[PDB]
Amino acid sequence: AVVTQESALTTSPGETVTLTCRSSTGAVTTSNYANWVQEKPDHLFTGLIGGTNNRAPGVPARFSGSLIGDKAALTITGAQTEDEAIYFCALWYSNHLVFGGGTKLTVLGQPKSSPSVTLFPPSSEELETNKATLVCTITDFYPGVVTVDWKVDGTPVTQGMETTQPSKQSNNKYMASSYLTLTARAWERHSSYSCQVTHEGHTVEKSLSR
């Protein structure tokens, strides 16, 4: 059976946010001892709720588990900035356990921040290797989701591009990098190159000309 959770949700400090977990075959009961675990930066997992509504030792009182409709729920009362993380639920089926896809919870703990984009052309030294890597750094954006689009001579290119998952900086904003790899010859067959970053509906792009 498949277990389903919301993909992402946003809330603010002090508010109540609720997360749900389906069983695909629904009918979530206390026979699934629904479990809730929190994933924070640098793969640190913390068990929050087990046996549907049992808080794990040491866990804050603001977390609580229950059943809502045919689903399992995780409620966070008076959400704290430190609660921004990913949440996974797990449903036990007598002999085995299955994890949901997890939910990324954003808890607005500072003002929205636009990403600072910098596009770097390939180095003269790298080109000597018949390789050309354009580097697009993206820092200080918040919330932590962003979409990167590369254009060459004005048209979209999805081949030879790699963008890292957003990582959390020290000031709690987010950063990410995107790469466009080309051969030096491909590099020379075009003039204009652009890295376009979309964040919360707004688009910022940086460009250069070979």
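Residues carry their position along the shown sequence, with the first being 1.
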As the entry reports it, the stretch among 183-191 and 20-28 with higher mean C-alpha B factor is 20-28
Entry B factor averaged over C-alpha atoms, 137-145 against 153-161: higher for 153-161
Binned into thirds over the chain's modelled residues, the C-alpha B-factor of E84 lands in the lowest
Sorting the chain's modelled residues by C-alpha B-factor and splitting them into thirds places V107 in the middle
In terms of its chain's C-alpha B-factors, the third that includes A72 is the highest
Of the three thirds of the chain ranked by Cα temperature factor, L127 occupies the middle
For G47, the third of its chain by CA B-factor is the lowest
